[PDB]
Amino acid sequence: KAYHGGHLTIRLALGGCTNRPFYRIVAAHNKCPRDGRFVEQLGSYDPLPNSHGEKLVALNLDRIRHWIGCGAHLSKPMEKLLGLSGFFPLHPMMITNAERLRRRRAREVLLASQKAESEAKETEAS
Amino acid sequence: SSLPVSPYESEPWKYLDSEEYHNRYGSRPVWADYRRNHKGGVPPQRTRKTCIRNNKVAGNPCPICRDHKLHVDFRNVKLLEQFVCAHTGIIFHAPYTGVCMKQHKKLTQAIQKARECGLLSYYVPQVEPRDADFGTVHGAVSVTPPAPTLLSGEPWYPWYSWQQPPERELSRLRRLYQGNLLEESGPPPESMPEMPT
Amino acid sequence: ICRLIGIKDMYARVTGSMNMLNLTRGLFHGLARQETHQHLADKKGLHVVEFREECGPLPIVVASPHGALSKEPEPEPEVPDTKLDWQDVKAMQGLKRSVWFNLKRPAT
Amino acid sequence: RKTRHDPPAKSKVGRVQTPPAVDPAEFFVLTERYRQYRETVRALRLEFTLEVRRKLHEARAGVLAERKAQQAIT
Amino acid sequence: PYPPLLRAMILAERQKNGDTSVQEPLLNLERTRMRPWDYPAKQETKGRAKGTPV
Amino acid sequence: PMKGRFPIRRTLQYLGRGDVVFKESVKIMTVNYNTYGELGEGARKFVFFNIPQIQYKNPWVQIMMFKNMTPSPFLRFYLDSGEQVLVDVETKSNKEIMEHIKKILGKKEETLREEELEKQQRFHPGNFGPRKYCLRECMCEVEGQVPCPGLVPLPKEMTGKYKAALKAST
Amino acid sequence: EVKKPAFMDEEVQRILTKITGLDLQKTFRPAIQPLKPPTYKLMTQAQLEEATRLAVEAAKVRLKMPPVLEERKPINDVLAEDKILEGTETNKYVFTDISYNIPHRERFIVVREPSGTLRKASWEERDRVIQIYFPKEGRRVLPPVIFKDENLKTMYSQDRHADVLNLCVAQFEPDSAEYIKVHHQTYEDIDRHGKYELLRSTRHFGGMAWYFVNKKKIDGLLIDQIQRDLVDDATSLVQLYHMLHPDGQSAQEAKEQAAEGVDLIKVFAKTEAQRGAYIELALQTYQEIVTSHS
Amino acid sequence: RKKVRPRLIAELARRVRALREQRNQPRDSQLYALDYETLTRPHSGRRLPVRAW
RNA sequence: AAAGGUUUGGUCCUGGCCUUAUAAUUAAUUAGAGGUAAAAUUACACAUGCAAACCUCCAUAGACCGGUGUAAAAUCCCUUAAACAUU
Ligand code: FES
Ligand SMILES: [K+]
Ligand SMILES: [Mg+2]
Ligand SMILES: [Mg+2]
Ligand SMILES: [Mg+2]
Ligand SMILES: [Mg+2]
Ligand SMILES: [Mg+2]
Ligand SMILES: [Zn+2]
């Protein structure tokens, strides 16, 4: 298609089959389809653990730096990948979500202890 | 429903050296005296899927299926050699020897397994080392100087940790979103609480 | 006929008329009027050397002149005047072959 | 997806916004993380923008670029 | 500071080029400072609604 | 039998044997040769054998040939700067003419090698995609990675059909 | 300090090339691979000798010895420890820089562990991922099963040592532990069974003699070189042994007596030979055969 | 080519439409009018967000 | 194409047709489960529901994604200039 307006973006293009996802990191005009016309492929992401239990991300850091220097935006999933790698700082919501998970597990542990204490009362009753 | 039982099941390689094998086959391959029955002069590009269905055998059993004592095993290298080109070392396609597609797949796996364990020889090309230079002094493969925060034990950036908001700022947000508020949360646990089990 | 002669590896194409007698007479005519490497070395007086791609640059001498070895190199033209067959050349020019070509067939 | 000339759904005439509820302590901490995060990323995007322009200028008018041009003429 | 991986790539390049130093790479934030989100925007370049009534 | 004389001239291998790749300045090469004579034999062979090879490697250069217009054969190159390079090819073999033009107006081997490497800069082995552009279409092809569900059925716990059933069960 | 000789030292490469030998028939033995119809050229004796010269030039490049290196040191560097991300992920992430123009040993391959530690990838992890993104013909992503001791012993029974080593070079890196393990196991089997001829006119002979010299077990190779009438090779081996062990009693004895030629081998027998009695016997028998017949 | 032909109606339409826009430009008193009972703009029928009520 | 069948009382030559290989759709008869891919008579007419919102008012978006193969020898490849409803 002949797009009018839009910007270059670095995003994940979904590949693979059903229940077997595989991603291609690409630089593409934002208005193009998710799996359609792109400008350059900048790496790949395999989200499924392999035989060694490792999720494999490949980043062409020389081309990624080139396209960020030319105005390319980043999708939120790609910003999360760059933060985990260490090339970018950790995303604010990566930290906030980790804090929410910590507060949510603390409640669960406390509830189990309360249930165990309630179970202890049942043991006292015999 | 009674397929014959081979005496050489445990040691398949034995059959190919026994006198019975020599009389039946001599020194020619086991597919030498097999011919496929088909209409036309150009044959179909695939052989029959399988010669044996539920203990029944087809009209013209293929070289492997016709002889029950023949066993396709990675250890039976002498049988496997007959299905590999001596000059090019390429496994023959199924139409070449006339074996059924089931046994051709089984033969291909046995030949590949025999080669991997070294029982069956194949040509190993000579390839140069991967890297022109074998130095290991670059930072990628060496020790990077530890960052100041890492030595002290602090977070890489100050905002990675929870910094309690000023009390005046918490009141400013309670006024802005008055009537649609949630219970205020304190500092999060220092570590990840161990999963309850 | 090739099995009767003992030839094990060869390619052939027959075109024009498929007359069985003319094919047998023409086949024997050509096969009997070929030139062995030993004959070629004697006619030209030079060594006949063989270069296989599976043996690398190793030169293989297959026939040496019976009498006196010459010292004048055989003339190598810049561009040969050979008469080429379109059927042989067409393949190397990238032209698609027929669906009937190089089909999987039983061992001969 | 609908075009601007398509009619609105009738099941959705009632819709009104229901803004999320705000936790004061975590909302403020998150707002500061976004401000500091976006400052770091703008400093890195600027540094990446300079490497692109430095590399381009070296190719266009670098030492090696000028010598080859005259070498060909000579 | 620089991000953890990007800091290691800078220090590694220093050693390769022969630059020997223990200086810590530092990002400069003065050139790229963000305005508050509620800062007044440029009204001159803002769009105006069309004149077709709904 | 391929028609014409020297049918090898009409083969892709022969056309690719040409070694004269002109510099970007070269725009036109006019060839003035005589069909009869003795001192112009090399020029006639140059038109017969070499002009096809030159054009094959220089598709954008205009080669126009004129016959029996002058007493002697010559080659004149027209450059983009406006310079005109006259060459005298009388009493010169066709091979000698090719070597002469290669020296004065032919790109060097180093220049041609650099261009070939630059052309392939954007092909990466790691890149995944169609066979025309990439070695592997999917990471399932790689050894050790989770195989394609079509070839190998996935474990039940890794399937949305199974996971959705549990969520209903919960 | 007098520098310890290296594998690539121009002097060592000279001696190792000589003892290895050349044989155009063994170096260019026909490969069992897809074949093409041979080509034929009529050549004079001058042209034929020129063609043999180019064949020997190619046999030199073909016999180039593979590097002999020390075992690499484990990569144990922690770039960061972001504990905020502890417990938020179950599987490790492996990030590989796939910029085309970086040498593979200068690429950054990091691992973000579930604890949050950002560390550099180990050597085994580095080689696996570089195969996935820069695949090398001959190498497999996961270690093959042919290199297991039981499988390797089978290849040795079939006298396929040159293949075991050609496979070890396509798969493993020269400084890896697996590379050193397989090579040292192949070289050790050749010694015990006296199969030194298998690797002659091959690129693997130099490393084998190097391994014996450094491990002070050249005795078998001298006995076998002498019995094959290659006594110029045996002397050169004693020169290499007197070069890598200058302070050895044998090297000091040869300086005292200014021994040369067959004398050098006799000096080794008396001074440092593990089995000196046999070296003299084989050396003596060789001299008797040479003197008696000629 | 030369079988691609002018589109007079298309050219006429574009100009004519643009002219009407300039002639019948609305004013701020109409575009930004509000119905305070429903908090909806009569011009476009755009109901203001909840946090602004 | 590695070819074969078929003109005649018979032979040779010429020459067409057809067979043998591969794949898609529909149809006849017949059929267990599982995984995966694809889903397609018709630019003829369409009941019903849904497919574009967001948001402290202004703006932004609904110009995309998705669909079909209408028109048209319609194009490919390349050069030059210019903007951009952009970043
Ligand atoms: S093609 Fe890769 S998962 Fe199916
Ligand atoms: K016919
Ligand atoms: Mg606003
Ligand atoms: Mg007739
Ligand atoms: Mg049907
Ligand atoms: Mg589309
Ligand atoms: Mg139409
Ligand atoms: Zn069968």
# chains A, B, ... in the order shown; residues from 1 in each chain; ligands from 1

call {"tool": "residues_near_ligand", "arguments": {"ligand": "ligand 4", "cutoff": "12 Å", "atoms": "only C-alpha atoms (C1' of nucleotides) and all ligand atoms", "output": "VMD selection string"}}
result
chain I and resid 7 to 15

call {"tool": "closest_atom_pairs", "arguments": {"of": "chain F", "to": "ligand 1", "cutoff": "6 Å", "atoms": "only C-alpha atoms and all ligand atoms", "output": "tab-separated table"}}
result
residue	atom	partner	partner_atom_place_in_ligand_line	distance
F:138	CA	ligand 1	2 (Fe)	4.4
F:139	CA	ligand 1	2 (Fe)	5.9
F:140	CA	ligand 1	2 (Fe)	4.4
F:148	CA	ligand 1	3 (S)	3.6
F:149	CA	ligand 1	4 (Fe)	6.0

call {"tool": "residues_around", "arguments": {"residues": "segment 43-46 of chain A", "least_positions_apart": "5", "cutoff": "8 Å", "atoms": "only C-alpha atoms (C1' of nucleotides)", "output": "tab-separated table (two decimals) with N, CA, C and O atoms, in the first residue's frame"}}
result
chain	number	residue	atom	x	y	z
A	21	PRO	N	4.96	-19.92	19.05
A	21	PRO	CA	5.25	-18.56	18.62
A	21	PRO	C	6.74	-18.32	18.42
A	21	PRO	O	7.59	-18.91	19.08
A	22	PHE	N	7.03	-17.45	17.46
A	22	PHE	CA	8.39	-17.06	17.14
A	22	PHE	C	8.32	-15.64	16.58
A	22	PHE	O	7.44	-15.33	15.78
A	23	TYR	N	9.25	-14.80	17.01
A	23	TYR	CA	9.20	-13.38	16.69
A	23	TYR	C	10.42	-12.97	15.89
A	23	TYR	O	11.52	-13.47	16.11
A	24	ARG	N	10.21	-12.05	14.96
A	24	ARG	CA	11.28	-11.40	14.22
A	24	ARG	C	11.31	-9.94	14.62
A	24	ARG	O	10.31	-9.23	14.44
A	25	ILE	N	12.42	-9.49	15.19
A	25	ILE	CA	12.60	-8.07	15.45
A	25	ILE	C	12.91	-7.37	14.14
A	25	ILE	O	13.84	-7.75	13.42
A	26	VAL	N	12.12	-6.35	13.81
A	26	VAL	CA	12.19	-5.70	12.51
A	26	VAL	C	12.00	-4.20	12.70
A	26	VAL	O	11.40	-3.74	13.67
A	55	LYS	N	15.70	-18.96	26.79
A	55	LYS	CA	14.98	-18.17	25.79
A	55	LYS	C	15.99	-17.31	25.04
A	55	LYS	O	16.77	-16.59	25.65
A	56	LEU	N	15.97	-17.40	23.71
A	56	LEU	CA	17.05	-16.88	22.88
A	56	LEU	C	16.61	-15.60	22.19
A	56	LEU	O	15.68	-15.61	21.38
A	57	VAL	N	17.30	-14.51	22.49
A	57	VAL	CA	17.09	-13.22	21.84
A	57	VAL	C	18.35	-12.88	21.06
A	57	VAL	O	19.46	-13.01	21.58
A	58	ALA	N	18.18	-12.47	19.81
A	58	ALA	CA	19.28	-12.01	18.97
A	58	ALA	C	19.02	-10.56	18.60
A	58	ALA	O	17.95	-10.23	18.09
A	59	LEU	N	20.00	-9.70	18.86
A	59	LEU	CA	19.87	-8.27	18.60
A	59	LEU	C	21.05	-7.82	17.76
A	59	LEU	O	22.21	-8.02	18.16
A	60	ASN	N	20.77	-7.22	16.61
A	60	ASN	CA	21.79	-6.59	15.79
A	60	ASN	C	21.98	-5.18	16.34
A	60	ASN	O	21.36	-4.22	15.88
F	126	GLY	N	21.96	-15.11	10.21
F	126	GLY	CA	21.03	-15.29	11.32
F	126	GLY	C	19.60	-14.92	10.99
F	126	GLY	O	18.67	-15.44	11.60
F	127	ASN	N	19.41	-14.02	10.03
F	127	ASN	CA	18.07	-13.57	9.67
F	127	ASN	C	17.19	-14.74	9.26
F	127	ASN	O	17.63	-15.64	8.55
F	128	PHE	N	15.94	-14.72	9.72
F	128	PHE	CA	14.96	-15.74	9.39
F	128	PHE	C	13.92	-15.17	8.43
F	128	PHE	O	13.53	-14.01	8.54
F	139	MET	N	12.60	-20.51	13.61
F	139	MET	CA	13.53	-21.01	14.61
F	139	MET	C	13.27	-22.48	14.94
F	139	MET	O	14.14	-23.13	15.53
G	98	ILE	N	24.55	-9.72	17.10
G	98	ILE	CA	24.71	-10.39	15.82
G	98	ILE	C	25.14	-9.39	14.75
G	98	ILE	O	24.85	-9.57	13.57

call {"tool": "residues_near_ligand", "arguments": {"ligand": "ligand 5", "cutoff": "12 Å", "atoms": "only C-alpha atoms (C1' of nucleotides) and all ligand atoms", "output": "PyMOL selection string"}}
result
chain I and resi 25-28

call {"tool": "residues_around", "arguments": {"residues": "residue 106 of chain F", "least_positions_apart": "4", "cutoff": "8 Å", "atoms": "only C-alpha atoms (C1' of nucleotides)", "output": "MDAnalysis selection string"}}
result
chainID F and resid 20:23 101:102

call {"tool": "residues_near_ligand", "arguments": {"ligand": "ligand 6", "cutoff": "10 Å", "atoms": "only C-alpha atoms (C1' of nucleotides) and all ligand atoms", "output": "list in words"}}
result
residues 1, 32, 33 and 36 of chain A; 64, 65, 66 and 67 of chain I

call {"tool": "interface_residues", "arguments": {"of": "chain B", "to": "chain C", "cutoff": "10 Å", "atoms": "only C-alpha atoms", "output": "VMD selection string"}}
result
chain B and resid 31 to 32 34 to 36 41 to 46 92 to 98

call {"tool": "write_last_selection", "arguments": {"atoms": "N, CA and C atoms", "output": "PDB file, in the first residue's frame"}}
result
ATOM      1  N   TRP B  31      18.595 -56.203  -3.166  1.00  0.00           N
ATOM      2  CA  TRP B  31      17.600 -55.629  -4.060  1.00  0.00           C
ATOM      3  C   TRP B  31      17.938 -55.874  -5.522  1.00  0.00           C
ATOM      4  N   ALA B  32      18.958 -56.690  -5.793  1.00  0.00           N
ATOM      5  CA  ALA B  32      19.425 -56.880  -7.162  1.00  0.00           C
ATOM      6  C   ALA B  32      18.350 -57.509  -8.038  1.00  0.00           C
ATOM      7  N   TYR B  34      15.020 -57.715  -7.764  1.00  0.00           N
ATOM      8  CA  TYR B  34      13.670 -57.234  -7.516  1.00  0.00           C
ATOM      9  C   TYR B  34      13.219 -56.354  -8.673  1.00  0.00           C
ATOM     10  N   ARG B  35      11.959 -56.506  -9.067  1.00  0.00           N
ATOM     11  CA  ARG B  35      11.365 -55.672 -10.099  1.00  0.00           C
ATOM     12  C   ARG B  35       9.973 -55.250  -9.661  1.00  0.00           C
ATOM     13  N   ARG B  36       9.635 -53.992  -9.925  1.00  0.00           N
ATOM     14  CA  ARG B  36       8.362 -53.424  -9.510  1.00  0.00           C
ATOM     15  C   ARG B  36       7.344 -53.535 -10.638  1.00  0.00           C
ATOM     16  N   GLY B  41       5.943 -47.247 -18.848  1.00  0.00           N
ATOM     17  CA  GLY B  41       7.380 -47.401 -18.776  1.00  0.00           C
ATOM     18  C   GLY B  41       8.001 -46.507 -17.724  1.00  0.00           C
ATOM     19  N   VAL B  42       7.430 -45.323 -17.532  1.00  0.00           N
ATOM     20  CA  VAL B  42       7.841 -44.423 -16.457  1.00  0.00           C
ATOM     21  C   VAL B  42       7.132 -44.849 -15.177  1.00  0.00           C
ATOM     22  N   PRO B  43       7.850 -45.189 -14.110  1.00  0.00           N
ATOM     23  CA  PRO B  43       7.189 -45.665 -12.896  1.00  0.00           C
ATOM     24  C   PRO B  43       6.727 -44.512 -12.025  1.00  0.00           C
ATOM     25  N   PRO B  44       5.841 -44.771 -11.063  1.00  0.00           N
ATOM     26  CA  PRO B  44       5.481 -43.722 -10.102  1.00  0.00           C
ATOM     27  C   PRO B  44       6.693 -43.280  -9.296  1.00  0.00           C
ATOM     28  N   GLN B  45       6.704 -41.997  -8.935  1.00  0.00           N
ATOM     29  CA  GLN B  45       7.870 -41.404  -8.296  1.00  0.00           C
ATOM     30  C   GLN B  45       8.032 -41.810  -6.840  1.00  0.00           C
ATOM     31  N   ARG B  46       7.018 -42.417  -6.233  1.00  0.00           N
ATOM     32  CA  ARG B  46       7.138 -43.011  -4.913  1.00  0.00           C
ATOM     33  C   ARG B  46       6.851 -44.500  -5.005  1.00  0.00           C
ATOM     34  N   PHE B  92      20.486 -44.105  -1.558  1.00  0.00           N
ATOM     35  CA  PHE B  92      19.649 -44.222  -2.743  1.00  0.00           C
ATOM     36  C   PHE B  92      18.204 -43.875  -2.408  1.00  0.00           C
ATOM     37  N   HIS B  93      17.531 -43.189  -3.328  1.00  0.00           N
ATOM     38  CA  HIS B  93      16.105 -42.951  -3.159  1.00  0.00           C
ATOM     39  C   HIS B  93      15.336 -44.265  -3.272  1.00  0.00           C
ATOM     40  N   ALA B  94      14.127 -44.277  -2.712  1.00  0.00           N
ATOM     41  CA  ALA B  94      13.365 -45.520  -2.636  1.00  0.00           C
ATOM     42  C   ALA B  94      13.121 -46.170  -3.992  1.00  0.00           C
ATOM     43  N   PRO B  95      12.757 -45.445  -5.051  1.00  0.00           N
ATOM     44  CA  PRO B  95      12.581 -46.112  -6.350  1.00  0.00           C
ATOM     45  C   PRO B  95      13.817 -46.846  -6.837  1.00  0.00           C
ATOM     46  N   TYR B  96      15.014 -46.409  -6.439  1.00  0.00           N
ATOM     47  CA  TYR B  96      16.234 -47.013  -6.965  1.00  0.00           C
ATOM     48  C   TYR B  96      16.334 -48.487  -6.596  1.00  0.00           C
ATOM     49  N   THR B  97      16.142 -48.816  -5.322  1.00  0.00           N
ATOM     50  CA  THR B  97      16.194 -50.197  -4.864  1.00  0.00           C
ATOM     51  C   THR B  97      14.823 -50.857  -4.807  1.00  0.00           C
ATOM     52  N   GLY B  98      13.747 -50.083  -4.919  1.00  0.00           N
ATOM     53  CA  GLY B  98      12.407 -50.626  -4.882  1.00  0.00           C
ATOM     54  C   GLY B  98      11.860 -50.906  -3.503  1.00  0.00           C
TER      55      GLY B  98
END
